[PDB]
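Report on the following structure.
So you know, we letter chains A, B, ... as the sequences are listed, proteins then strands, and number each from 1. Hydrogens, waters and symmetry mates are skipped; everything else that's a heavy atom, side chains included, is used.
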Amino acid sequence: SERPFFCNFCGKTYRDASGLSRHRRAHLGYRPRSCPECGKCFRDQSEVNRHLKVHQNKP
DNA sequence: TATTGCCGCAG
DNA sequence: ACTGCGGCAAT
Ligand SMILES: [Ca+2]
Ligand SMILES: [Zn+2]
Ligand SMILES: [Zn+2]
């Protein structure tokens, strides 16, 4: 139940370093991976990949 | 100590 | 529909 990782600007706590890494980068606006179709930026390639289905033609 | 893929939760 | 989020496992 321990959440020993925390943000130095707002104090939000995390179970492990990954949640903190992502949270810090979200404060920074660090979104280095982009959708090749529309240019929208995301934190990582997994998030880009999940976004791609926006560009399918809807049923 | 670090980063992301996968995954589920929630709005 | 779309995506912000974050725990876990792996690296
Ligand atoms: Ca969760
Ligand atoms: Zn914070
Ligand atoms: Zn796109």
Check whether any side-chain nitrogen or oxygen of [X] sits under 4.0 Å from OP1 or OP2 of [N], and answer yes or no.
| X | N | answer |
| --- | --- | --- |
| A:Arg15 | C:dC8 | yes |
| A:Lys40 | C:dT3 | yes |
| A:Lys12 | C:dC5 | no |
| A:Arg24 | C:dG6 | no |
| A:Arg31 | B:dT4 | no |
| A:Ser18 | B:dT3 | no |

_Here's one to test your reading of the geometry: is the NZ or CZ of A:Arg31 within 45 degrees of the ring axis of A:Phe42 and under 6.0 Å from its centre?_
yes

Quickly work out the [X] [atom1] to [N] [atom2] distance and round it to whole Å.
| X | N | atom1 | atom2 | result |
| --- | --- | --- | --- | --- |
| A:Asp44 | C:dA10 | CG | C1' | 15 Å |
| A:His55 | C:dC2 | NE2 | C1' | 11 Å |
| A:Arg22 | B:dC7 | CZ | P | 14 Å |
| A:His51 | C:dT3 | NE2 | P | 6 Å |
| A:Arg25 | C:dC5 | CZ | P | 14 Å |
| A:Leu52 | C:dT3 | CG | P | 10 Å |
| A:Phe42 | C:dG6 | CZ | P | 17 Å |
| A:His27 | C:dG4 | NE2 | P | 15 Å |

Is [Y] close to [X] at the side-chain level, that is, under 4.5 Å between some pair of heavy atoms?
| X | Y | answer |
| --- | --- | --- |
| A:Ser34 | A:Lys40 | no |
| A:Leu20 | A:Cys7 | yes |
| A:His23 | A:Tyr14 | yes |

*Quick one: which of C:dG6, B:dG5, C:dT3 gets closest to the side chain of A:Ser46?*
B:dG5

*Could you please name the option among C:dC8, C:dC5, B:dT3 that lies closest to any side-chain atom of A:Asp16?*
C:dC8

*Are the side chain of A:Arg3 and the backbone of A:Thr13 linked by a donor-acceptor contact shorter than 3.5 Å?*
yes

base_contact_polar ([N] base, [X] side chain, donor-acceptor, <3.5 Å):
| X | N | value |
| --- | --- | --- |
| A:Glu47 | C:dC5 | yes |
| A:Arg43 | C:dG6 | yes |
| A:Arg3 | C:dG7 | no |

_Closer than 4.0 angstrom, basic N to acidic O: yes or no for A:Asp44 and A:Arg22?_
yes

*asked:* Within the 4.0 Å heavy-atom criterion, would you say A:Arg33 contacts the bases, only the backbone, or no part of the nucleic acid?
replied: nothing

*When we call it a touch if two heavy atoms are under 4.0 Å apart, what does A:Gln45 touch: a base, just sugar-phosphate, or nothing?*
sugar-phosphate

